[PDB]
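There is one chain below, alone, in structure tokens, taken in the form solved without this ligand.
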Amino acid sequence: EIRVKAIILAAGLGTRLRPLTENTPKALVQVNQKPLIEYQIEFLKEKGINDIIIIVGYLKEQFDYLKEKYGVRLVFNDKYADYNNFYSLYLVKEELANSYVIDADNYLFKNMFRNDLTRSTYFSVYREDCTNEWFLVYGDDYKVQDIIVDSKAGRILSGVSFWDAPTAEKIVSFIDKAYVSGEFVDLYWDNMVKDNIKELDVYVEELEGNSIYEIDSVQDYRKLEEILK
């Protein structure tokens, strides 16, 4: 599917961002007076990636205006509160090939996106004092050998990744299998690269520390606002 596209995961409750997400979906929380997802969508379109699919769920009606504003497609995930985000990707599994997968609760300081990527890539920032993050194990060729959870510092899965057709095909088969084997409700879509890493060819694109800014709490949000001034 040589049509580079993008999938934005914005269906979750974003409970950890309280009070920001009490009446606003996290993808629409405003930083510098602009919904977070708009910064991402604009970066994408600036690069010609105009086939954008947004997975919505919690307070989905607030996303409607984006269809006429940017030409994005919205996909409703009614299990946004029941299942983990493996299901968000399941709903658009056939769109994975040559697609970016983006977390909607990150502020991108730099435009990372390109329409000429030829291999599956994890755009990773280095972090310390980590909590519940997943890390990338790799050598000189930047090829991911494993993805682990046992660390407080390192190159983490940061919320921006790209998947080529051959890789996406393998992942869809893993997705199909998990969905029909009664072992998926609590899984993250990432479990499918992590739990089958030995069968996939994925590479790491080392990002400068301030390329992606994670908003994991209202405190993170307040600090970013101060930075954006």
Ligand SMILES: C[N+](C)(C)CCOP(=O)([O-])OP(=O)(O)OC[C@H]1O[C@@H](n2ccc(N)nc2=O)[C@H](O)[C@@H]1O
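Whichever C-alpha set is largest while still superposing within 1.5 Å between the two forms counts as the rigid core. Don't overthink the numbering: it's just position in the shown sequence, from 1.
Novice: Higher mean Cα B-factor in the deposited model: 83-91 or 127-135?
Specialist: Higher mean C-alpha B-factor: 127-135.
Novice: Decide which of the stretches 194-202 and 66-74 has the higher mean C-alpha B-factor, going by the entry.
Specialist: Stretch with the higher mean C-alpha B-factor: 194-202.
Novice: Taking the values straight from the PDB record, which of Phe43, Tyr58, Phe184, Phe162 has the highest C-alpha temperature factor?
Specialist: That would be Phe184, according to the entry.
Novice: When the modelled residues of the chain are sorted by Cα temperature factor, does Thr121 land in the lowest, middle or highest third?
Specialist: Lowest third, going by the recorded CA B-factors of the chain.
Novice: Is the Cα B-factor recorded for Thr15 in the lowest, middle or highest third of its chain?
Specialist: Highest third of the chain for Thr15's C-alpha B-factor.
Novice: Could you tell me which third, lowest, middle or highest, the C-alpha B-factor of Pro166 occupies within its chain?
Specialist: Highest third.
Novice: Report the third (lowest, middle or highest) to which the CA temperature factor of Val149 belongs, ranking only the modelled residues of the same chain.
Specialist: CA B-factor rank for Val149: highest third.
Novice: Looking at the entry's B-factor column for C-alpha atoms only, identify whether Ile212 ranks in the lowest, middle or highest third of its chain.
Specialist: As the PDB entry reports it, the C-alpha B-factor of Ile212 lands in the highest third of its chain.
As for the form solved in complex with this ligand, it is not shown, yet the points below apply to it.
Novice: When the contact criterion is heavy atoms within 4.5 Å, does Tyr80 count as touching this ligand in the entry with it bound?
Specialist: Yes.
Novice: In the entry with it bound, does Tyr107 have a heavy atom within 4.5 Å of this ligand?
Specialist: Contact check for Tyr107: no, nothing within 4.5 Å of this ligand in the entry with it bound.
Novice: In the entry with it bound, is there a heavy atom of this ligand that lies within 4.5 Å of any heavy atom of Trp134, even though the partner is absent here?
Specialist: It does: once this ligand is placed as it appears in the entry with it bound, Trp134 has a heavy atom within 4.5 Å of it.
Novice: Is it the case that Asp51, even though its partner is missing from this view, gets within 4.5 Å of this ligand in the entry with it bound, heavy atoms only?
Specialist: Heavy-atom contact with this ligand at 4.5 Å: absent for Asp51.
Novice: Quick one: find which of 184-192, 171-179, 42-50, 200-208 has residues within 4.5 Å of this ligand in the entry with it bound by heavy atom distance.
Specialist: Only one stretch passes the 4.5 Å heavy-atom test: 184-192.
Novice: Of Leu91, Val72, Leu157, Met112, which residue is found within 4.5 angstroms of this ligand in the entry with it bound when only non-hydrogen atoms are counted?
Specialist: Contact check passes for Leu157.
Novice: Is it true that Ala6, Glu38 and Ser161 each have at least one non-hydrogen atom within 4.5 Å of this ligand in the entry with it bound?
Specialist: So, no: the whole triplet misses this ligand.
Novice: Note that this ligand is not shown here; using its position in the entry with it bound, name the residues of 208-229 with a heavy atom within 4.5 Å of it, in sequence order.
Specialist: Contacts from 208-229: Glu214, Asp216.
Novice: Please determine whether the C-alpha atom of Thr131 is displaced by 2 Å or more between this form and the one not shown following superposition on the rigid core.
Specialist: Comparing forms between this form and the one not shown, the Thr131 CA shifts at least 2 Å.
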